[PDB]
file coords_16.txt (compact mmCIF, C-alpha atoms and all ligand atoms)
# COMPACT_ATOMS: atom_id res chain seq x y z
CA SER A 1 -23.15 -40.87 47.89
CA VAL A 2 -21.57 -43.92 46.19
CA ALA A 3 -22.83 -45.82 43.14
CA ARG A 4 -25.17 -48.74 43.90
CA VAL A 5 -23.44 -50.85 41.15
CA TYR A 6 -19.90 -51.13 39.75
CA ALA A 7 -18.42 -48.96 42.56
CA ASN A 8 -15.28 -51.18 42.93
CA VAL A 9 -14.53 -51.70 39.18
CA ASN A 10 -11.71 -49.08 39.01
CA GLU A 11 -10.31 -50.50 42.31
CA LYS A 12 -10.16 -54.06 40.88
CA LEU A 13 -8.70 -53.04 37.48
CA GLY A 14 -6.06 -50.75 39.09
CA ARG A 15 -3.82 -47.86 37.98
CA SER A 16 -3.15 -49.21 34.45
CA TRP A 17 -6.93 -48.99 33.71
CA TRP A 18 -7.74 -45.44 34.97
CA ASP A 19 -4.43 -43.51 35.34
CA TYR A 20 -4.76 -41.55 32.06
CA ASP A 21 -2.30 -38.87 33.32
CA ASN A 22 0.48 -41.44 32.65
CA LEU A 23 -0.82 -42.72 29.29
CA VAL A 24 1.91 -43.29 26.70
CA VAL A 25 0.34 -43.17 23.21
CA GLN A 26 1.99 -45.19 20.42
CA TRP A 27 1.24 -42.70 17.58
CA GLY A 28 0.34 -44.01 14.14
CA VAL A 29 1.63 -42.65 10.81
CA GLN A 30 -0.23 -39.47 10.04
CA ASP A 31 0.64 -39.65 6.25
CA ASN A 32 -1.33 -42.95 6.15
CA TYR A 33 -4.62 -40.97 6.43
CA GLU A 34 -6.07 -38.58 3.84
CA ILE A 35 -8.76 -36.08 4.86
CA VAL A 36 -11.53 -35.68 2.24
CA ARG A 37 -14.56 -33.76 3.63
CA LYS A 38 -15.36 -31.95 6.83
CA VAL A 39 -18.55 -33.51 8.25
CA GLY A 40 -18.94 -31.42 11.43
CA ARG A 41 -17.51 -29.12 14.10
CA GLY A 42 -17.82 -29.35 17.86
CA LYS A 43 -16.90 -27.10 20.77
CA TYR A 44 -13.89 -29.44 21.14
CA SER A 45 -13.33 -31.02 17.75
CA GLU A 46 -13.55 -30.89 14.00
CA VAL A 47 -14.69 -34.09 12.38
CA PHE A 48 -13.76 -35.13 8.86
CA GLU A 49 -14.61 -37.99 6.58
CA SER A 50 -11.22 -39.38 5.58
CA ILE A 51 -9.44 -42.34 3.92
CA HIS A 52 -7.04 -44.91 5.34
CA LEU A 53 -4.72 -44.93 2.29
CA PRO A 54 -3.01 -48.36 2.65
CA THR A 55 -6.49 -49.98 2.56
CA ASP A 56 -8.52 -47.24 0.74
CA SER A 57 -11.23 -47.59 3.45
CA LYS A 58 -13.64 -44.86 4.71
CA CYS A 59 -12.95 -43.53 8.26
CA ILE A 60 -13.37 -40.46 10.53
CA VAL A 61 -10.56 -38.16 11.69
CA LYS A 62 -11.50 -36.12 14.78
CA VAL A 63 -9.08 -33.24 15.37
CA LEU A 64 -8.94 -32.22 19.03
CA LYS A 65 -8.05 -29.02 20.79
CA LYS A 66 -5.53 -29.30 28.53
CA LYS A 67 -3.42 -32.37 27.55
CA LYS A 68 -5.07 -34.25 30.48
CA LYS A 69 -8.47 -34.37 28.60
CA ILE A 70 -6.98 -35.68 25.31
CA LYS A 71 -5.35 -38.53 27.27
CA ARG A 72 -8.62 -39.28 29.11
CA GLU A 73 -10.58 -39.65 25.85
CA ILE A 74 -7.86 -41.85 24.31
CA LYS A 75 -7.51 -44.11 27.39
CA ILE A 76 -11.30 -44.53 27.58
CA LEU A 77 -11.56 -45.47 23.84
CA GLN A 78 -8.72 -48.02 24.25
CA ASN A 79 -10.36 -49.51 27.41
CA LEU A 80 -13.79 -49.73 25.72
CA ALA A 81 -12.28 -51.64 22.73
CA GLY A 82 -14.58 -54.53 21.61
CA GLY A 83 -17.63 -53.32 23.57
CA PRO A 84 -21.18 -53.56 22.11
CA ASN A 85 -22.30 -50.40 20.22
CA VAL A 86 -19.22 -48.35 21.34
CA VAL A 87 -17.60 -46.38 18.47
CA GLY A 88 -14.44 -48.23 17.39
CA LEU A 89 -11.03 -46.58 17.75
CA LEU A 90 -8.88 -47.11 14.59
CA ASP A 91 -5.77 -45.04 15.45
CA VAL A 92 -4.37 -41.92 17.13
CA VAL A 93 -2.13 -39.60 15.03
CA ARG A 94 -0.82 -36.04 15.32
CA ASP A 95 0.93 -33.31 13.32
CA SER A 96 4.72 -33.65 12.89
CA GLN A 97 5.44 -30.02 13.98
CA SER A 98 2.35 -28.65 15.80
CA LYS A 99 1.76 -31.96 17.65
CA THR A 100 -2.04 -31.45 17.27
CA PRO A 101 -3.58 -34.90 17.93
CA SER A 102 -6.40 -36.57 16.00
CA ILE A 103 -8.45 -39.66 16.89
CA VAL A 104 -9.32 -42.00 14.01
CA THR A 105 -12.68 -43.78 14.36
CA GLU A 106 -14.97 -45.96 12.26
CA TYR A 107 -17.34 -44.15 9.82
CA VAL A 108 -21.11 -44.58 10.55
CA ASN A 109 -24.00 -43.89 8.19
CA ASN A 110 -26.07 -41.66 10.50
CA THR A 111 -29.54 -40.20 9.81
CA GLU A 112 -29.91 -36.88 11.72
CA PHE A 113 -32.27 -37.56 14.71
CA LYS A 114 -34.79 -34.71 14.00
CA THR A 115 -35.45 -36.53 10.67
CA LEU A 116 -34.96 -40.16 11.90
CA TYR A 117 -36.87 -40.18 15.27
CA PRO A 118 -40.36 -39.30 13.91
CA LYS A 119 -40.00 -42.09 11.23
CA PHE A 120 -39.58 -44.63 14.13
CA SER A 121 -42.19 -47.29 15.00
CA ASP A 122 -42.84 -48.34 18.63
CA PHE A 123 -40.68 -51.47 18.09
CA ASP A 124 -37.88 -49.24 16.59
CA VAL A 125 -37.71 -47.09 19.78
CA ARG A 126 -37.70 -50.22 21.95
CA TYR A 127 -34.89 -51.68 19.85
CA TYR A 128 -32.54 -48.68 19.62
CA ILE A 129 -32.95 -47.79 23.34
CA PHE A 130 -32.09 -51.45 24.08
CA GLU A 131 -28.97 -51.17 21.84
CA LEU A 132 -27.98 -47.93 23.63
CA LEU A 133 -28.49 -49.74 27.01
CA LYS A 134 -25.89 -52.38 25.89
CA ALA A 135 -23.33 -49.62 25.30
CA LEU A 136 -24.02 -47.94 28.69
CA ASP A 137 -24.13 -51.20 30.67
CA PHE A 138 -20.78 -52.05 29.03
CA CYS A 139 -19.03 -48.76 29.89
CA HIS A 140 -20.46 -48.55 33.46
CA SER A 141 -19.28 -52.19 34.01
CA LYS A 142 -15.80 -50.90 33.10
CA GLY A 143 -15.83 -47.93 35.54
CA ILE A 144 -16.70 -45.23 32.99
CA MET A 145 -19.49 -42.58 32.87
CA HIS A 146 -20.25 -41.09 29.43
CA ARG A 147 -21.74 -37.82 30.84
CA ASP A 148 -23.00 -36.43 27.48
CA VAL A 149 -25.70 -38.90 26.48
CA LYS A 150 -27.94 -37.07 23.97
CA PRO A 151 -29.29 -37.74 20.45
CA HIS A 152 -26.29 -36.05 18.71
CA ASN A 153 -23.97 -38.65 20.37
CA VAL A 154 -26.10 -41.64 19.31
CA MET A 155 -25.42 -42.51 15.71
CA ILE A 156 -27.95 -44.72 14.00
CA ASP A 157 -27.66 -46.38 10.58
CA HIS A 158 -31.36 -47.22 10.19
CA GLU A 159 -30.64 -49.42 7.06
CA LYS A 160 -28.07 -51.62 8.89
CA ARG A 161 -30.21 -51.25 12.11
CA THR A 162 -26.90 -50.47 13.84
CA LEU A 163 -26.08 -48.08 16.76
CA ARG A 164 -22.90 -46.35 17.97
CA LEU A 165 -22.40 -44.27 21.11
CA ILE A 166 -19.81 -41.60 20.13
CA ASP A 167 -17.93 -38.57 21.58
CA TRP A 168 -16.30 -39.86 24.76
CA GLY A 169 -14.54 -36.49 25.29
CA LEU A 170 -16.63 -35.78 28.42
CA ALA A 171 -16.41 -39.31 29.80
CA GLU A 172 -14.69 -39.98 33.17
CA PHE A 173 -13.71 -42.89 35.42
CA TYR A 174 -15.93 -43.39 38.45
CA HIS A 175 -14.02 -43.38 41.80
CA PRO A 176 -16.06 -43.74 45.04
CA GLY A 177 -16.60 -40.38 46.81
CA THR A 178 -14.89 -38.31 44.07
CA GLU A 179 -16.36 -34.82 43.62
CA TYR A 180 -16.93 -34.44 39.82
CA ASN A 181 -17.42 -31.19 37.85
CA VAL A 182 -21.13 -30.48 37.42
CA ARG A 183 -20.67 -28.48 34.17
CA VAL A 184 -21.09 -31.54 31.99
CA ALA A 185 -23.81 -32.57 29.56
CA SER A 186 -25.91 -30.27 27.40
CA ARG A 187 -28.55 -28.30 29.28
CA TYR A 188 -31.65 -30.28 28.20
CA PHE A 189 -30.04 -33.59 29.31
CA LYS A 190 -28.50 -32.43 32.64
CA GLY A 191 -29.65 -34.42 35.68
CA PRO A 192 -31.00 -32.57 38.73
CA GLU A 193 -27.74 -33.45 40.54
CA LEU A 194 -25.83 -31.22 38.05
CA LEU A 195 -28.43 -28.39 38.42
CA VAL A 196 -28.17 -28.25 42.32
CA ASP A 197 -24.36 -28.68 42.30
CA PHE A 198 -24.35 -32.22 43.81
CA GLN A 199 -20.80 -33.32 42.89
CA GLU A 200 -20.75 -36.92 44.21
CA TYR A 201 -22.70 -38.31 41.16
CA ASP A 202 -22.15 -41.66 39.36
CA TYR A 203 -23.14 -43.77 36.30
CA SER A 204 -26.79 -42.99 37.07
CA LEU A 205 -26.34 -39.52 35.46
CA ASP A 206 -26.31 -41.29 32.06
CA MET A 207 -29.67 -42.91 32.97
CA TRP A 208 -31.37 -39.51 33.57
CA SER A 209 -29.98 -38.35 30.20
CA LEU A 210 -31.30 -41.61 28.64
CA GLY A 211 -34.71 -40.76 30.21
CA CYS A 212 -34.83 -37.29 28.58
CA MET A 213 -33.92 -38.81 25.21
CA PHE A 214 -36.59 -41.52 25.62
CA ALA A 215 -39.23 -38.94 26.62
CA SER A 216 -38.38 -36.97 23.39
CA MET A 217 -38.99 -40.08 21.31
CA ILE A 218 -42.28 -41.40 22.84
CA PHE A 219 -43.91 -37.96 23.43
CA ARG A 220 -42.51 -36.44 20.14
CA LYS A 221 -41.29 -33.30 21.97
CA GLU A 222 -37.64 -32.33 21.30
CA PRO A 223 -36.27 -31.43 23.75
CA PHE A 224 -38.63 -32.72 26.49
CA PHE A 225 -37.46 -30.28 29.27
CA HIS A 226 -36.86 -26.98 27.36
CA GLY A 227 -35.16 -24.61 29.86
CA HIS A 228 -33.51 -21.29 28.85
CA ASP A 229 -30.63 -21.37 31.39
CA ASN A 230 -29.46 -23.95 33.98
CA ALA A 231 -31.85 -22.35 36.51
CA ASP A 232 -34.92 -22.55 34.27
CA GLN A 233 -33.96 -26.15 33.37
CA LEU A 234 -34.59 -27.16 37.02
CA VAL A 235 -37.94 -25.25 36.97
CA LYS A 236 -39.08 -27.10 33.80
CA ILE A 237 -38.20 -30.44 35.52
CA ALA A 238 -39.99 -29.40 38.76
CA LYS A 239 -43.14 -28.50 36.74
CA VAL A 240 -43.42 -32.23 35.80
CA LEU A 241 -41.94 -34.32 38.69
CA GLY A 242 -43.40 -31.85 41.25
CA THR A 243 -41.75 -29.87 44.08
CA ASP A 244 -42.86 -32.26 46.88
CA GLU A 245 -40.51 -35.02 45.64
CA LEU A 246 -37.84 -32.30 45.02
CA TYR A 247 -37.74 -31.09 48.69
CA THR A 248 -37.54 -34.65 50.12
CA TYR A 249 -34.62 -35.32 47.72
CA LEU A 250 -32.75 -32.12 48.77
CA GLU A 251 -33.40 -32.98 52.44
CA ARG A 252 -32.24 -36.57 51.88
CA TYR A 253 -28.87 -35.52 50.32
CA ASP A 254 -28.51 -32.33 52.52
CA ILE A 255 -28.52 -30.03 49.47
CA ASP A 256 -29.38 -26.37 50.04
CA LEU A 257 -30.70 -24.52 46.91
CA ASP A 258 -29.15 -21.30 45.62
CA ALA A 259 -30.80 -18.13 46.96
CA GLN A 260 -32.29 -17.17 43.61
CA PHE A 261 -34.40 -20.21 43.08
CA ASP A 262 -36.82 -18.60 45.65
CA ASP A 263 -38.20 -16.02 43.18
CA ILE A 264 -38.55 -18.36 40.19
CA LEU A 265 -39.38 -21.75 41.78
CA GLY A 266 -43.02 -22.16 42.80
CA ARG A 267 -44.98 -25.10 44.18
CA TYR A 268 -45.96 -27.50 41.49
CA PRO A 269 -47.95 -30.70 41.76
CA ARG A 270 -46.73 -33.79 39.93
CA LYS A 271 -48.05 -33.77 36.34
CA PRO A 272 -48.93 -37.42 35.44
CA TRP A 273 -47.13 -38.96 32.40
CA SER A 274 -50.58 -39.52 30.79
CA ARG A 275 -51.03 -35.69 30.42
CA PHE A 276 -48.26 -35.76 27.71
CA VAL A 277 -50.15 -38.28 25.48
CA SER A 278 -51.57 -36.79 22.23
CA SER A 279 -52.92 -38.02 18.86
CA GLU A 280 -49.51 -37.61 17.15
CA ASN A 281 -47.40 -39.53 19.82
CA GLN A 282 -49.98 -42.19 20.90
CA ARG A 283 -48.33 -44.65 18.42
CA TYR A 284 -45.39 -44.87 20.93
CA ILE A 285 -47.38 -44.97 24.17
CA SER A 286 -48.00 -48.07 26.25
CA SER A 287 -48.28 -48.82 29.96
CA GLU A 288 -44.77 -50.43 29.86
CA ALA A 289 -43.18 -47.35 28.16
CA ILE A 290 -44.57 -44.97 30.89
CA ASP A 291 -43.43 -47.28 33.74
CA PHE A 292 -39.95 -47.52 32.13
CA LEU A 293 -39.74 -43.70 31.70
CA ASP A 294 -40.98 -43.22 35.28
CA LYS A 295 -38.09 -45.38 36.64
CA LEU A 296 -35.44 -43.29 34.74
CA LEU A 297 -36.69 -39.76 35.45
CA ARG A 298 -36.19 -39.54 39.23
CA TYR A 299 -34.61 -36.64 41.18
CA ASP A 300 -32.78 -39.16 43.39
CA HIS A 301 -30.10 -40.78 41.17
CA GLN A 302 -30.14 -43.82 43.53
CA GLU A 303 -33.83 -44.57 42.60
CA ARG A 304 -33.07 -44.75 38.81
CA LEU A 305 -32.74 -48.13 37.07
CA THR A 306 -29.25 -49.33 36.22
CA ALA A 307 -28.63 -50.00 32.50
CA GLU A 308 -28.72 -53.73 33.39
CA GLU A 309 -31.98 -53.48 35.39
CA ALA A 310 -33.41 -51.43 32.44
CA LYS A 311 -32.61 -54.29 29.95
CA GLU A 312 -34.86 -56.67 32.02
CA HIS A 313 -37.87 -54.26 31.92
CA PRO A 314 -41.08 -55.67 30.25
CA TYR A 315 -40.94 -52.77 27.71
CA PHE A 316 -38.01 -54.65 26.06
CA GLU A 317 -39.77 -58.04 25.84
CA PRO A 318 -40.75 -57.63 22.13
CA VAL A 319 -37.00 -57.00 21.53
CA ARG A 320 -35.65 -59.99 23.51
CA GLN A 321 -38.21 -62.31 21.79
CA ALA A 322 -37.44 -60.93 18.27
CA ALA A 323 -33.80 -61.83 19.06
CA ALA A 324 -34.70 -65.58 19.30
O1 LIG B 401 -16.71 -37.58 18.65
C1 LIG B 401 -16.69 -38.74 18.19
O2 LIG B 401 -16.21 -39.69 18.86
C2 LIG B 401 -17.26 -39.02 16.83
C3 LIG B 401 -17.10 -40.26 16.32
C4 LIG B 401 -17.66 -40.54 15.10
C5 LIG B 401 -18.34 -39.55 14.41
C6 LIG B 401 -18.50 -38.27 14.96
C7 LIG B 401 -17.95 -38.04 16.20
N1 LIG B 401 -19.16 -37.30 14.36
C8 LIG B 401 -19.73 -37.54 13.18
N2 LIG B 401 -20.45 -36.52 12.45
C9 LIG B 401 -20.77 -35.23 12.97
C10 LIG B 401 -22.09 -34.58 12.60
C11 LIG B 401 -22.37 -33.35 13.05
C12 LIG B 401 -21.35 -32.58 13.93
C13 LIG B 401 -20.22 -33.21 14.20
CL1 LIG B 401 -18.95 -32.45 15.17
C14 LIG B 401 -19.90 -34.60 13.68
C15 LIG B 401 -19.62 -38.78 12.57
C16 LIG B 401 -20.17 -39.01 11.31
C17 LIG B 401 -19.95 -40.24 10.69
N3 LIG B 401 -19.39 -41.24 11.37
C18 LIG B 401 -18.81 -41.03 12.55
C19 LIG B 401 -18.91 -39.80 13.17
call {"tool": "encode", "arguments": {"input": "coords_16.txt", "output": "structure tokens", "more": "lines below"}}
Ligand SMILES: O=C(O)c1ccc2c(c1)nc(Nc1cccc(Cl)c1)c1ccncc12
result
Amino acid sequence: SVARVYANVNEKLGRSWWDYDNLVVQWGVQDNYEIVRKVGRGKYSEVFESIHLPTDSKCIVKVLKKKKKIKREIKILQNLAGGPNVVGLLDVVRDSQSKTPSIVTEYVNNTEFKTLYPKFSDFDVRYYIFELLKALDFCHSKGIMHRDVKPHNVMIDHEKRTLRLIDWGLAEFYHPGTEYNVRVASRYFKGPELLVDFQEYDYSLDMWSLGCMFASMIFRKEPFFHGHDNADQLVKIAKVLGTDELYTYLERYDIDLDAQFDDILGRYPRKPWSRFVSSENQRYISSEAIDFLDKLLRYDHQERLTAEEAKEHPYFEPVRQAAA
């Protein structure tokens, strides 16, 4: 398997674009930042609201815990500089003694998605998904997969109507035929390729994750596919897409399933998208939304829309018009 778009981007841009092992960071002055308030903690980071003291301006300091992965995240954030709806890198600093690095990013006025998403209109969903598609089409066009696309990593200032894709700590460069680690993404947003241990994945992983997110929004069910473990996650997906399309996909990519799917995985017919429509979510539902969702949520990553193809979908016509 090789990506159907942007496969040769890292080839064309060469070693100085993707070789993060040999990154030399020009560290900023740590005493130029003051930390004010912790805003959050991750598996990999603490995040604090802070001040850039020379300018007295609001910013974020992300303190990070292998060295390899710090360099990857920094090199990606430098390469993505200037890109639409990508979180802006302000600096990289570290402790004088301990050498613990921190990434300094722009501050965003987020509304938590459990609160924000239900307040959305149909146009709002169309608009923010379109804004997210600009960020993903940008990073894919630069040889980079995000690999952790989920609502926590999409920051929305609903007053400014502005969007930022954050947390590039799982992101990687795409190299044709590379076998990538499948333990990426949070469980609810993992593509089938991660769940059957198909390692030769590409940018199209982000598009499955986008699909899950989009299903949450239009069907008002967070998360859409609610599995308990990685095994059950594939069962929840199979109970919607069906097992017929699953077996053709496995056959097509020569994937053999783990032995202990045979007890838990039954034969399920395809549930139509229409069966998820209710009184409460009908506000979001149109024939264009379902068709768009259908073209993102495919077993076969090579059948999913590209971010670019997705921007031309009729679903986004109210948004292209409103921008003229
Ligand atoms: O990782 C980044 O690149 C990254 C970049 C920017 C923010 C962030 C993470 N996390 C934020 N908040 C947050 C909220 C809950 C949990 C956690 Cl760990 C963090 C946040 C807030 C305000 N503006 C920018 C950010």
call {"tool": "residues_near_ligand", "arguments": {"input": "coords_16.txt", "ligand": "ligand LIG 401 (chain B)", "cutoff": "9 Å", "atoms": "all atoms listed in the file", "output": "ChimeraX atom specification"}}
result
/A:38-49,59-62,73,77,87-89,103-110,112,152-153,155,164-169
call {"tool": "closest_residue", "arguments": {"input": "coords_16.txt", "among": "A:259, A:205, A:93, A:285", "to": "residue 298 of chain A", "atoms": "all atoms listed in the file"}}
result
A:205
call {"tool": "closest_atom_pairs", "arguments": {"input": "coords_16.txt", "of": "segment 137-164 of chain A", "to": "segment 182-202 of chain A", "cutoff": "12 Å", "atoms": "only C-alpha atoms", "output": "JSON lines"}}
result
{"residue": "A:140", "atom": "CA", "partner": "A:202", "partner_atom": "CA", "distance": 9.2}
{"residue": "A:143", "atom": "CA", "partner": "A:202", "partner_atom": "CA", "distance": 9.7}
{"residue": "A:144", "atom": "CA", "partner": "A:202", "partner_atom": "CA", "distance": 9.1}
{"residue": "A:145", "atom": "CA", "partner": "A:202", "partner_atom": "CA", "distance": 7.1}
{"residue": "A:146", "atom": "CA", "partner": "A:185", "partner_atom": "CA", "distance": 9.2}
{"residue": "A:147", "atom": "CA", "partner": "A:185", "partner_atom": "CA", "distance": 5.8}
{"residue": "A:148", "atom": "CA", "partner": "A:185", "partner_atom": "CA", "distance": 4.5}
{"residue": "A:149", "atom": "CA", "partner": "A:185", "partner_atom": "CA", "distance": 7.3}
{"residue": "A:150", "atom": "CA", "partner": "A:189", "partner_atom": "CA", "distance": 6.7}
{"residue": "A:151", "atom": "CA", "partner": "A:189", "partner_atom": "CA", "distance": 9.8}
{"residue": "A:152", "atom": "CA", "partner": "A:186", "partner_atom": "CA", "distance": 10.4}
{"residue": "A:153", "atom": "CA", "partner": "A:185", "partner_atom": "CA", "distance": 11.0}
call {"tool": "write_last_selection", "arguments": {"input": "coords_16.txt", "atoms": "C-alpha atoms", "output": "mmCIF file, in the coordinates of the input"}}
result
data_model
loop_
_atom_site.group_PDB
_atom_site.id
_atom_site.type_symbol
_atom_site.label_atom_id
_atom_site.label_comp_id
_atom_site.auth_asym_id
_atom_site.auth_seq_id
_atom_site.Cartn_x
_atom_site.Cartn_y
_atom_site.Cartn_z
ATOM 1 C CA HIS A 140 -20.460 -48.550 33.460
ATOM 2 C CA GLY A 143 -15.830 -47.930 35.540
ATOM 3 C CA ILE A 144 -16.700 -45.230 32.990
ATOM 4 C CA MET A 145 -19.490 -42.580 32.870
ATOM 5 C CA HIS A 146 -20.250 -41.090 29.430
ATOM 6 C CA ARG A 147 -21.740 -37.820 30.840
ATOM 7 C CA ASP A 148 -23.000 -36.430 27.480
ATOM 8 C CA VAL A 149 -25.700 -38.900 26.480
ATOM 9 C CA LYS A 150 -27.940 -37.070 23.970
ATOM 10 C CA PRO A 151 -29.290 -37.740 20.450
ATOM 11 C CA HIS A 152 -26.290 -36.050 18.710
ATOM 12 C CA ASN A 153 -23.970 -38.650 20.370
#
call {"tool": "residues_around", "arguments": {"input": "coords_16.txt", "residues": "residue 273 of chain A", "least_positions_apart": "6", "cutoff": "9 Å", "atoms": "all atoms listed in the file", "output": "count of residues only"}}
result
4
call {"tool": "residues_near_point", "arguments": {"input": "coords_16.txt", "point": "(-0.8, -29.2, 19.8)", "cutoff": "12 Å", "atoms": "all atoms listed in the file", "output": "count of residues only"}}
result
16
call {"tool": "atom_distance", "arguments": {"input": "coords_16.txt", "atom1": "atom CA of residue 84 of chain A", "atom2": "atom CA of residue 138 of chain A"}}
result
7.1 Å
call {"tool": "atom_distance", "arguments": {"input": "coords_16.txt", "atom1": "atom CA of residue 272 of chain A", "atom2": "atom CA of residue 241 of chain A"}}
result
8.3 Å
call {"tool": "closest_residue", "arguments": {"input": "coords_16.txt", "among": "A:318, A:54, A:266, A:83", "to": "residue 247 of chain A", "atoms": "only C-alpha atoms"}}
result
A:266
call {"tool": "atom_distance", "arguments": {"input": "coords_16.txt", "atom1": "atom CA of residue 126 of chain A", "atom2": "atom CA of residue 206 of chain A"}}
result
17.7 Å
call {"tool": "closest_residue", "arguments": {"input": "coords_16.txt", "among": "A:304, A:274, A:124, A:114", "to": "residue 159 of chain A", "atoms": "only C-alpha atoms"}}
result
A:124
call {"tool": "closest_residue", "arguments": {"input": "coords_16.txt", "among": "A:92, A:246, A:9, A:141", "to": "residue 29 of chain A", "atoms": "all atoms listed in the file"}}
result
A:92
call {"tool": "residues_around", "arguments": {"input": "coords_16.txt", "residues": "residue 262 of chain A", "least_positions_apart": "6", "cutoff": "12 Å", "atoms": "only C-alpha atoms", "output": "JSON list (two decimals) with C-alpha atoms, keeping the file's coordinate frame"}}
result
[["chain", "number", "residue", "atom", "x", "y", "z"],
["A", 231, "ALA", "CA", -31.85, -22.35, 36.51],
["A", 235, "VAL", "CA", -37.94, -25.25, 36.97],
["A", 256, "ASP", "CA", -29.38, -26.37, 50.04]]
call {"tool": "decode", "arguments": {"input": "coords_16.txt", "residues": "segment 6-22 of chain A", "atoms": "N, CA and C atoms", "output": "PDB file, in the first residue's frame"}}
result
ATOM      1  N   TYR A   6       0.165  12.745  -2.669  1.00  0.00           N
ATOM      2  CA  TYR A   6       1.284  13.299  -1.885  1.00  0.00           C
ATOM      3  C   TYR A   6       2.326  12.251  -1.487  1.00  0.00           C
ATOM      4  N   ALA A   7       2.479  11.188  -2.249  1.00  0.00           N
ATOM      5  CA  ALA A   7       3.375  10.073  -1.867  1.00  0.00           C
ATOM      6  C   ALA A   7       4.834  10.536  -1.976  1.00  0.00           C
ATOM      7  N   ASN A   8       5.134  11.433  -2.904  1.00  0.00           N
ATOM      8  CA  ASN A   8       6.515  11.826  -3.282  1.00  0.00           C
ATOM      9  C   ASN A   8       6.902  13.167  -2.626  1.00  0.00           C
ATOM     10  N   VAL A   9       6.093  13.690  -1.722  1.00  0.00           N
ATOM     11  CA  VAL A   9       6.384  15.018  -1.122  1.00  0.00           C
ATOM     12  C   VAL A   9       7.687  14.967  -0.304  1.00  0.00           C
ATOM     13  N   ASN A  10       7.877  13.945   0.510  1.00  0.00           N
ATOM     14  CA  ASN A  10       9.087  13.882   1.364  1.00  0.00           C
ATOM     15  C   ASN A  10      10.321  13.597   0.492  1.00  0.00           C
ATOM     16  N   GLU A  11      10.137  12.922  -0.637  1.00  0.00           N
ATOM     17  CA  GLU A  11      11.209  12.674  -1.621  1.00  0.00           C
ATOM     18  C   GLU A  11      11.698  14.004  -2.203  1.00  0.00           C
ATOM     19  N   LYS A  12      10.750  14.798  -2.709  1.00  0.00           N
ATOM     20  CA  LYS A  12      11.021  16.110  -3.331  1.00  0.00           C
ATOM     21  C   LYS A  12      11.646  17.079  -2.343  1.00  0.00           C
ATOM     22  N   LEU A  13      11.201  17.106  -1.089  1.00  0.00           N
ATOM     23  CA  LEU A  13      11.664  18.153  -0.141  1.00  0.00           C
ATOM     24  C   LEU A  13      12.993  17.729   0.481  1.00  0.00           C
ATOM     25  N   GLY A  14      13.308  16.433   0.495  1.00  0.00           N
ATOM     26  CA  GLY A  14      14.612  15.905   0.926  1.00  0.00           C
ATOM     27  C   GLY A  14      14.846  15.929   2.433  1.00  0.00           C
ATOM     28  N   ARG A  15      16.037  15.461   2.772  1.00  0.00           N
ATOM     29  CA  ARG A  15      16.540  15.168   4.137  1.00  0.00           C
ATOM     30  C   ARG A  15      16.305  16.335   5.099  1.00  0.00           C
ATOM     31  N   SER A  16      16.495  17.563   4.638  1.00  0.00           N
ATOM     32  CA  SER A  16      16.382  18.748   5.520  1.00  0.00           C
ATOM     33  C   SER A  16      14.916  18.966   5.920  1.00  0.00           C
ATOM     34  N   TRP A  17      13.950  18.444   5.173  1.00  0.00           N
ATOM     35  CA  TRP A  17      12.528  18.486   5.595  1.00  0.00           C
ATOM     36  C   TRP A  17      12.212  17.417   6.656  1.00  0.00           C
ATOM     37  N   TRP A  18      12.606  16.160   6.456  1.00  0.00           N
ATOM     38  CA  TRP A  18      12.035  15.069   7.301  1.00  0.00           C
ATOM     39  C   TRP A  18      13.041  14.488   8.293  1.00  0.00           C
ATOM     40  N   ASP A  19      14.323  14.796   8.188  1.00  0.00           N
ATOM     41  CA  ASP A  19      15.343  14.091   9.000  1.00  0.00           C
ATOM     42  C   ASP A  19      15.411  14.692  10.405  1.00  0.00           C
ATOM     43  N   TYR A  20      14.410  14.425  11.234  1.00  0.00           N
ATOM     44  CA  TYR A  20      14.280  15.109  12.544  1.00  0.00           C
ATOM     45  C   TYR A  20      15.317  14.562  13.526  1.00  0.00           C
ATOM     46  N   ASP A  21      15.877  13.386  13.259  1.00  0.00           N
ATOM     47  CA  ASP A  21      16.967  12.832  14.093  1.00  0.00           C
ATOM     48  C   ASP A  21      18.117  13.830  14.148  1.00  0.00           C
ATOM     49  N   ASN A  22      18.333  14.621  13.105  1.00  0.00           N
ATOM     50  CA  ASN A  22      19.518  15.505  13.029  1.00  0.00           C
ATOM     51  C   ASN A  22      19.117  16.960  13.185  1.00  0.00           C
TER      52      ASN A  22
END
